[PDB]
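So the structure is just underneath, and the comments pick up after that.
Worth knowing before you read on, the calculation uses all heavy atoms, side chains too, and leaves out hydrogens, waters and symmetry mates. One-based numbering, in listed order, for ligands and for the atoms of each. The sequence lines fix the lettering, A, B, ..., with proteins before strands; numbering per chain opens at 1.
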Amino acid sequence: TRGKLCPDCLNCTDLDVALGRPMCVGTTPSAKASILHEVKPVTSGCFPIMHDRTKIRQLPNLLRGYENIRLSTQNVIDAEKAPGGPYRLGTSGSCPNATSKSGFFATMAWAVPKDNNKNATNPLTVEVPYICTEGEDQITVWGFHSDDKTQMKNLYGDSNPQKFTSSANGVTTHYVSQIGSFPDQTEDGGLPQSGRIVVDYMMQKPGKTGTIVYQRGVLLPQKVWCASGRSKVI
Amino acid sequence: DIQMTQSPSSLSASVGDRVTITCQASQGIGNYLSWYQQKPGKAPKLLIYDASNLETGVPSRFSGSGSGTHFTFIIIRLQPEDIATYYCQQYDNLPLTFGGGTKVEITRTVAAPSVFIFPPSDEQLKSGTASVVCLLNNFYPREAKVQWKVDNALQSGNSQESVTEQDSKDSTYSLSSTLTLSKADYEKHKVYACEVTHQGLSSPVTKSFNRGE
Amino acid sequence: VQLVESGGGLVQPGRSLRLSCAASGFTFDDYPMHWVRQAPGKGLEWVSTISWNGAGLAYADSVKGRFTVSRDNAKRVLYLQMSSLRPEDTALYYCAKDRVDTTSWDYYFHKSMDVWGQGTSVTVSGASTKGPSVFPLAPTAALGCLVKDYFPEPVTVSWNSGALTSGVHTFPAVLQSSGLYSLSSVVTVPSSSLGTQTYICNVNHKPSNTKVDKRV
Ligand SMILES: *[C@@H]1O[C@H](CO)[C@@H](O[C@@H]2O[C@H](CO)[C@@H](O[C@@H]3O[C@H](CO)[C@@H](O)[C@H](O[C@H]4O[C@H](CO)[C@@H](O)[C@H](O)[C@@H]4O)[C@@H]3O)[C@H](O)[C@H]2NC(C)=O)[C@H](O)[C@H]1NC(C)=O
């Protein structure tokens, strides 16, 4: 019976493991019986997330309902070469691992432009391929970073709201970002941050591709969840 | 803010001796400390980073160790080219801070200074001032007393000194003394003497000139 | 990998100055960069640090509110705009490369500095610039040049137009009673090569256009 998604992931909540927080990546064994011990799943660190802007808190309990869950070995896309000029993989001092005081979630890649910033972009489309094993469900984790007006213009060539949509399995999501006047930081790494991230997931059923349409600040998916089977959650 | 307390402030050891430099952080910086070597007249160079990692190309006689608040930099067998001031630096937290530095010098064998004298040049005498130069060259130890004798009279307050940093090949110093006074006085006298006191001089050596020969 | 600082000179207090650091030989926009200064005779003192993009800045308290770090990643130049200059800003200013190509710009974009420039010297003073007189030090064989009454330091002294480096001793300048500097440069050559060898010392004091080559 599983309680935590990743045993041997100490100091990690189920939502930390679901997002691939640094120090929170490890074996997630199979289980036919599971207890749902968190009604409102919570993170214990990283860059601060505006969790309730999306359904992201259900992700551990969705994984909980599968018999087998595992984090993919390869990146679902090449984030640095994704559309929108060349990107640098952003890291934050809020997300350390054993060999770096900076880092970021292993499920996502912070696409930071490289003096192609100045160009604010019209909406860009990337296709998210199915990479799991033949009969498995793929859960794709993505999101977007936003910041205050001055930092949005510094990181990106735009201080205006960016808009993000996702599509898979006939299910569409849509978002517009927020500049400044953010909620207080909660469930994060504990360092002050002028911006936040919004994190979402989309399910890709066996053999089904995904689509993300984005602008500046996108968090492109890297490591996806490959899940199969069915587990009795209690 | 994190002070880096570095000790000793200066040391001098023989070639082949062991040199031990410690750096103390007022607070825990964990792993994030580095050691820089600044040779005289040059810019700093990374020797050690992350408290123990030996940077590309630097010899095995250099080694670092420590974590938390205490760090040790060691030259296992001191070499003449290791003449430098060494600095520890923490990069765990802002503001970035350095240690006060540690001057390393060679204690070498007694070398005698070959003494030289220079009268004021033709060009300079035009300009109504006379600078008389005495060169103390390639000696050890650094302690050296030079007295200026104008017509055999001890001058006090009339010259200034300037010593080079220790040489990286023979570990000696070199000194310049410049006796400056008016051309009006430079014509009032004839014999100008530079008297040198040093350990390597069997008898104190003087160098002198007669005015124009 | 090369760093070349420039823009240092004599400024009156309260004025402004900008130093530039021309990076080359490495992917400059992958790395954080650093400014470190050093008062004459004194230790290394950190000034500022900038992330790989322009979005992460850091200043020592001595300069916060007066100095601005910035970079041109296309030009591959690190800048340091210094304003409201104080006499204790007088130092040799070092450009320095971070050893690690950190992508973060919020915290900890600073590690060991593996490449340093040779620095540019900044003197903050209301005193007048004074160029030097270059007198000879006439003659194994010893010879040299006397560089008297200049302000500010530095002067550069070159022997045989840079060829002769063996046995050269250029002494540290001495701040005379007048407030003007004076140094001497000497070199030991064979008396065997005294005849049929014209000896040249090359004194340049950039704060003036005092570029002199004088025979010994
Ligand atoms: C612990 O955290 C640290 C800090 O985040 C982390 O170190 C970083 O790892 C990333 C890998 O994501 C490094 O970036 C790579 O560097 C290599 C070598 O230069 C490049 O070839 C890589 O480019 C390829 O991979 C990208 C995706 O990773 C592709 O988008 C790209 O097109 C290429 O295929 C990539 O840029 C980064 O250099 C280090 N950090 C530093 C400072 O060097 C470390 O991995 C974390 N450890 C664990 C176990 O998670």
Exercise. Do the numbers put C/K97 on top of the ring of C/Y31, so that NZ or CZ is under 6.0 Å from the six-membered ring centre and no more than 45° off the axis?
Worked result: yes
Once you restrict both partners to nitrogen or oxygen, which atoms of ligand 1 have a protein partner under 3.5 Å, and how far apart are they?
from	atom 1	to	atom 2	distance (Å)
ligand 1	2 (O)	A/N97	OD1	3.3
ligand 1	2 (O)	A/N97	ND2	2.4
ligand 1	30 (O)	A/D78	OD1	3.1
ligand 1	30 (O)	A/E80	N	3.4
ligand 1	32 (O)	A/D78	OD1	2.6
ligand 1	32 (O)	A/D78	OD2	2.8
ligand 1	32 (O)	A/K81	NZ	2.9
ligand 1	36 (O)	A/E80	OE2	2.7
ligand 1	43 (O)	C/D101	OD1	3.3
ligand 1	47 (N)	A/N97	ND2	2.9

Is [Y] paired with [X] through a side-chain N to carboxylate O contact shorter than 4.0 Å?
| X | Y | value |
| --- | --- | --- |
| C/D114 | C/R99 | no |
| A/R53 | A/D200 | no |
| A/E136 | A/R70 | yes |

For this session: Using the side-chain hydrogen bond (donor to acceptor under 3.5 Å, both in side chains) rule, collect all pairs that involve residues 112-126 of chain A, keeping only residues at least two apart or in two chains.
Result: none
Exercise. So, does C/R71 use its side chain to make a donor-acceptor pair with the main chain of C/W52 at under 3.5 Å?
Worked result: yes
